[PDB]
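Here the Cβ is made from the backbone with ideal geometry for all residues, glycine too, and neighbour counts use every protein chain on show. FYI, it's all coordinate maths here, none of it is from the lab.
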Amino acid sequence: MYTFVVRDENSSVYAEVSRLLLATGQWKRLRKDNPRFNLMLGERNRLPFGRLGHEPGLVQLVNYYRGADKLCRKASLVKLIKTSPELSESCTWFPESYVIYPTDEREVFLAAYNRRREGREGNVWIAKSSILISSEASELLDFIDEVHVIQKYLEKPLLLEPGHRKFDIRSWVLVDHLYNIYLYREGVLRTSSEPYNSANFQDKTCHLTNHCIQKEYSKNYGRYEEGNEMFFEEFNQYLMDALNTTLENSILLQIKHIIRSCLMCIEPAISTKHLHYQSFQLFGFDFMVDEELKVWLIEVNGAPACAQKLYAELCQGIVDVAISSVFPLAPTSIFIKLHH
Amino acid sequence: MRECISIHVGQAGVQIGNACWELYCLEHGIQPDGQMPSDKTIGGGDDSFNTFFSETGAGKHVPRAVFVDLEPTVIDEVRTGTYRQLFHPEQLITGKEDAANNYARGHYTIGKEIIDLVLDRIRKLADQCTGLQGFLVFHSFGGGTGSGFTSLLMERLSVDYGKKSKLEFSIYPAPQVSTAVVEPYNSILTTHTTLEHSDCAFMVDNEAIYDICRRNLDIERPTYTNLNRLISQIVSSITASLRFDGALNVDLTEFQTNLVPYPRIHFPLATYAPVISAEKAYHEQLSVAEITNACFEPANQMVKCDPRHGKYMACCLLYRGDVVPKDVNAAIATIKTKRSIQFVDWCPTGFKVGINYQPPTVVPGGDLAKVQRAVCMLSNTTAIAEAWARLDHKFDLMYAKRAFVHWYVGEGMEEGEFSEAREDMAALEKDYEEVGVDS
Amino acid sequence: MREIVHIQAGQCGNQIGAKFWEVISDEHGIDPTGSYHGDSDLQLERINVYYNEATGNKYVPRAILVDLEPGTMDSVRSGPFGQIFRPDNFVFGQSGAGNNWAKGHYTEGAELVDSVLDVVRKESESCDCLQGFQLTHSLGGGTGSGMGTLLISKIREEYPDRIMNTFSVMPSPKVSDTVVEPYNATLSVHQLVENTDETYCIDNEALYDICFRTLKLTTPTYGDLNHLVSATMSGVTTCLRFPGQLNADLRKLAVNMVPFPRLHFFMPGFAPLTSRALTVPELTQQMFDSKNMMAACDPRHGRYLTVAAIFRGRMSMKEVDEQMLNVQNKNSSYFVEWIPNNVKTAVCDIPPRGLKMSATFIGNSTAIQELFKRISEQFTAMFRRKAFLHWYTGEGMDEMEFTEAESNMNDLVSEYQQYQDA
Amino acid sequence: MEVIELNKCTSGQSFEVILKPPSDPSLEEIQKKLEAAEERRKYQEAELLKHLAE
Ligand SMILES: Nc1nc2c(ncn2[C@@H]2O[C@H](COP(=O)(O)OP(=O)(O)OP(=O)(O)O)[C@@H](O)[C@H]2O)c(=O)[nH]1
Ligand SMILES: COc1cc2c(c(OC)c1OC)-c1ccc(SC)c(=O)cc1[C@H](NC(C)=O)CC2
Ligand SMILES: Nc1nc2c(ncn2[C@@H]2O[C@H](COP(=O)(O)OP(=O)(O)O)[C@@H](O)[C@H]2O)c(=O)[nH]1
Ligand SMILES: [Cl-]
Ligand SMILES: [Mg+2]
Ligand SMILES: [Mg+2]
Ligand SMILES: [Mg+2]
Ligand SMILES: [Mg+2]
Ligand SMILES: [Mg+2]
Ligand SMILES: [Mg+2]
Ligand SMILES: [Mg+2]
């Protein structure tokens, strides 16, 4: 009988893992402040990594990489991409963002802005923190100044028909204790059922790509798919019929590349090869796709929720490859293995 | 020549003391009886090795050392063992009944009766020093004598020897070693009382020493003799600069100058390599590149923590054996790009390097192997704070219920001293936060 | 912390005490004449903890035999190791105690107590450094219950900074002699709460159940019960008696096992249960089992504050640590999470007589309240109707002293429950 | 990366290699606090021997 502890009450992914571990008849739950465990399903903020791997006899695992917040915080992501000698300059897939604070990039933001205002290439920028949009620099800076980033807004997204509507692609990545990167073959597109506007420089409905924020602001929740979530069998078929390409070629090679480059960069800082405690983590990469079928990274989510129907398969994948790899019990791989 | 007196308090201090002075004797070519054939200056000479050894007219080389314990059986092994002729009887001091793993008992009750005796025997050694530097205090955080009496001694040494240096070699408690249940109290009570009075403190987590003996030497269950012989190599690598001729770490004040910018933040992380098994009788000799690489692996550290999640204030490399500057510079440049060595913004991101061509000696028939080059990295990193956080959490759990407090109150200590000492550790944890992050 | 002075009071205390000296003399290689004829030296290393050295390499126990009637102490002298004891350490009265706490504590025992203390002082003066005292006695009778607790109080007055250890045998209706044992026990438990550092609760109910169920004896004598006690007493004193890697005296045991002053009533255990070879997993499984506990209390109904294991015999230290951590980590609900690292283990190479290896358990469990509740109910059943009080009030006591002792033991039960729910 | 102040001898050598540039109690109180513990022990012993005399 193995032992684990739950320190995140509202983790829909790891509450399901907790229930699936109990289904084996070989794991059992302790109270959260009991140190005598094999597996920590830790809290999302201020997880005590310093106190892990010191209890004698117990091989201790945890579901978060320490310092993976480097990738997942929006401001730290921009600092990482720019300062890294493995990504900056060479990289193109990231929209070149700038950090603002209430050292700072007051100096750097206005360098690129001016030559865009001269030429025909548009000058729209989106503001966000670790939800405002404007063409002018004045209308963004007010709420900002009392971790904040200004990213290049994609004015030329790929459109879904019928309707000329916008989407963002969510793909789940599981990095295990050996740092084997596993991409879940079923992804999801958080679409927007309201058509995309262009000349309107103030509206923020279709412009926002979420599932939850698309619930309140829009009554039309889509009859062509349900809810605002499109899956890999349908989107592949749409691309083949409309654009004459598969999901693999046009988009998925770029996703697997961006996942590699981001995770391989932080590897020597976060990895637990020769460490007193092991660790895995589930990441949720968010992507955009422009009208030339180039994929752009938006945000890496360090503690992501899954889609409703995919909870059963994915959480079983988590316990198979991440947990049971370290703690064996007594396929059809549901993941694609990216190297490293 | 400037002398160095080495004080040994409690069981851990004495038994580690035995390992160190056994080793020192083999490194300098001093025999058990005290004769040193290499030494041509009889009854003096003020060589580099004379910083640790005084001389008599008969040609005996006597450790500048004082062994103290509140019970006799541990120091009786010194009196009966192979190096009995090394020490004069006045150096070895023993009480009747011990501190029973109680700081309050070792500090207040029993310590008070023996403190004036111990300072008198230290004064006997100090009176025969032409130019004394300071002290090297060996003890445990967990032991009643090692926690209680040491902190009393460290207070009295600040009065009686005000300007002198005070270095600590502290054994941090580990439940594999079988400690007492109240060692988290003893560790925090003694750290509070000693913090103002110690200049530089080399913590040694028994967990790390135990697991290094398990992992590298392939020992099923490491004894204290296994732990102490490994620990004495690190102590030897640290103290080597005082005992041998060179031009780095050559005086005890340089450790303070180099490694300790903030006076309270005086706990450097020791990292030693290579640790090799004697069963591997022919092993493939590790290069300067490899052993310097091993100094950034958590497995080889003295305290288990992650330097990657923290910031270096100082970093200092002490090589022993077949090494030259070109090899170290090549190793540092290779390691520079590979590892994530984050330094603080307000310090120069450099490495102070020292080489002593005499390679690391080992005890004949020991579990350690004789190698041709080794390194000890002393590095003041904020990741050491993890060790305080673990220990402060164990304190809080018991102290929330007043568990075991009556034993300390029964010896004259107050409940105020627990919360006083804890708030200083809370302040110390906050000091490592301020230094170790950008915000 | 070197020498220990043994005392044995009453019928039970002397019979158990005599068996304890049989066992440890055999382990230390001391024959009935007091001469050392042994093979190893891992026997003489800490022999002076329990023995004095007379001339001619004679090893005489540091033991004091006490009783209010001479019958039981004459039987000890006639027994197998009766030669070994000092003749002037036999302190005995003629009247007897009549299974009355009041007679042992106040009237009959008060005459004899000065003669005991003279022998205690004579033994303590010759000690290089006295650890403290250990007492063997029952709480159901008169002498061992009443005079033993009087001795404890008087010894504390004269030696207030020394450790006071006890092996207290609790009464049970299954092995009861008199109906007034709950009175005698309740009065003594109140004394033990104040004036002892460490008490080993040896319940006769448990000893009977261990003999009846398992072992499988339809008719157990006191000899059968005492076989388990002498085995347990050997086990718990192993770290005091031999040079185990663990540094070991009575004060250190008290410092680590006693988180709060009043809660020092331990629950001993043993494995294997004896009257042919056993592995480390099987030892570790047995010692924690309720059927191997010498106090009749289910440890699953409470929580362990502190635990102390002593494995004996030549076995793998790695396999011990794995199995102890196996039991500990995977039954972690029954240990308190607010005392980290509260289970410790010691290993001694020399096994007990006639076993290759064994394991002794010492536990400060909150489930010990079940024992004190059982006596409290037996007490209160009689006390509510003032039944059998004329025996005690005839010796000068009154009802208020009984009322206090009842309240004090119910506070002790309430205090164990306080820390069980934390 | 550059090496500064290299020193040498027959026993060994040493140097610094920079990589990036930068940007109490008294004896009275001790013996006071020790004797305060002694008095609290003597107070706790006094209340015991008082209580034992009762
Ligand atoms: N490395 C090492 N650690 C030791 C040794 N002896 C004891 N320890 C550790 O030190 C702590 C116990 O301290 P001791 O030195 O035995 O106790 P003490 O200072 O003599 O104090 P008292 O025994 O109460 O007088 C435990 O955490 C042990 O793990 C040793 O020889 N080597
Ligand atoms: C008298 O012999 C004993 C000595 C000790 C102990 C002891 O009991 C095993 C002993 O009884 C067998 C001892 C007991 C129990 C605990 S559990 C809280 C404990 O933490 C610490 C000890 C101490 N040290 C170790 C390593 O276990 C004190 C020493
Ligand atoms: N285990 C054990 N219990 C005993 C023995 N003799 C008496 N008892 C118990 O102790 C109680 C009576 O105490 P006893 O020692 O006879 O009276 P005392 O001589 O006046 O102290 C009863 O509850 C008995 O069950 C014995 O040899 N072994
Ligand atoms: Cl001075
Ligand atoms: Mg000691
Ligand atoms: Mg000389
Ligand atoms: Mg100072
Ligand atoms: Mg005292
Ligand atoms: Mg009379
Ligand atoms: Mg008299
Ligand atoms: Mg009877």
Suppose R0 equals 35 Å; then what is the FRET efficiency for B:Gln128 and B:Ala278 from their Cβ-Cβ distance, rounded to the nearest 0.05?
0.35
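Listed here are the pairs A:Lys32/B:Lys311; B:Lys336/B:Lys430; A:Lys156/A:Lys256; which of them are more than 27 Å apart at the Cα?
A:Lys32/B:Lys311; B:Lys336/B:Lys430
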Please give the charge dipole size of segment C:248-369, origin at the Cα centre, charges +1 on K and R Cβ atoms and -1 on D and E Cβ atoms. Round to the nearest 20 debye.
260
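How many partner chain Cβ atoms sit within 10 Å of a residue's Cβ in peptide B:299-305, on average, as a whole number?
Mean partner-chain Cβ count within 10 Å for B:299-305: 2.
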Quick check: the distance between the Cα centres of segment B:421-439 and segment A:73-103, to the nearest angstrom?
30
Could you work out the per residue convex hull volume over the alpha carbons of segment C:260-367, in cubic angstrom?
108
What is the mean number of Cβ atoms from other protein chains located within 10 Å of the Cβ atom of each residue in peptide C:341-350, rounded to a whole number?
3
Are there any GluC sites (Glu not before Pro) in segment A:229-293 that are in a DSSP loop and have at most 12 other Cβ atoms within 10 Å? List them by number.
A:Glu291, A:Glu292
Could you tell me whether the protein assembly as shown comes out rounded, prolate or oblate from its Cα gyration tensor? Rule is a ≥ b ≥ c as square roots of the eigenvalues, rounded for a/c under 1.5, then prolate if a/b exceeds b/c, otherwise oblate.
oblate
Would you order D:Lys32, B:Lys304 from fewest to most other beta-carbon atoms within 10 Å of each residue's own beta-carbon?
D:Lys32, B:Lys304
Count the net charge of all other residues whose Cβ sits under 11 Å from the Cβ of C:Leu139, scoring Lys and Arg as +1 and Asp and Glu as -1.
-2
Sort C:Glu319, B:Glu168 so the one with the fewest other Cβ atoms within 10 Å of its own Cβ comes first.
C:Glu319, B:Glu168
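Rounding to the nearest 20 debye, state how big the charge dipole of segment A:153-223 is about its Cα centre with +1 on each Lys and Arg Cβ and -1 on each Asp and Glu Cβ.
For this selection, approximately 160 debye.
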For the protein assembly as shown, give the share of DSSP beta bridges that are antiparallel, in percent and rounded to the nearest 5; count only bridges with both residues there.
55
DSSP-loop chymotrypsin sites (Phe, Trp or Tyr not before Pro) across segment B:316-374, with at most 12 other Cβ within 10 angstrom
B:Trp346
Order of C:276-284, C:306-314 by packing, highest average Cβ count within 10 Å first?
C:306-314, C:276-284
Top positive-direction residue, dipole computed over chain C with Cβ charges, set C:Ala97, C:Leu325, C:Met73:
C:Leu325
Provide B:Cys20, B:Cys213 in ascending order of the number of other Cβ atoms located within 10 Å of each residue's Cβ, fewest first.
B:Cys213, B:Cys20
Would chain C count as rounded, prolate or oblate if I go by the C-alpha gyration tensor, calling it rounded below 1.5 in a/c and otherwise prolate when a/b exceeds b/c, oblate otherwise?
oblate
Put +1 on the Cβ of every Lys and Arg and -1 on every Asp and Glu Cβ in chain A; which of A:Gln60, A:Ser138, A:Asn45 then has its Cα farthest towards the positive end of the dipole?
A:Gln60
Taking Cα pairs closer than 8 Å and at least 6 residues apart, the relative contact order of segment B:1-268 in percent is 21
For the peptides C:364-372, C:217-225, what is the packing order when you average, over each peptide's residues, the other Cβ atoms within 10 Å and list the highest mean first?
C:364-372, C:217-225
Rounded, prolate or oblate: pick one for segment B:1-268, where a ≥ b ≥ c are the square roots of the eigenvalues of its C-alpha gyration tensor, a/c under 1.5 means rounded, and failing that, prolate if a/b is larger than b/c, else oblate.
rounded
By average C-beta atoms within 10 angstrom, highest first, the peptides C:56-63, A:194-201:
C:56-63, A:194-201
With the dipole of the protein assembly as shown defined by +1 on each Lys or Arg Cβ and -1 on each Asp or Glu Cβ, the option from C:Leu412, A:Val17, A:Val6 whose Cα lies farthest towards the positive pole is A:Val17
Counting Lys and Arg as +1 and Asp and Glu as -1, each charge on the Cβ, what is the dipole of segment A:1-63 about the Cα centre in debye, to the nearest 20?
120
Segment C:301-330 versus segment A:1-63: alpha-carbon centroid distance in Å:
24
Give me the inter-chain shielding for B:348-357: mean count of other chain Cβ atoms within 10 Å, whole number please.
6
Between segment A:160-237 and segment C:251-286, what's the alpha-carbon centroid distance in Å?
63
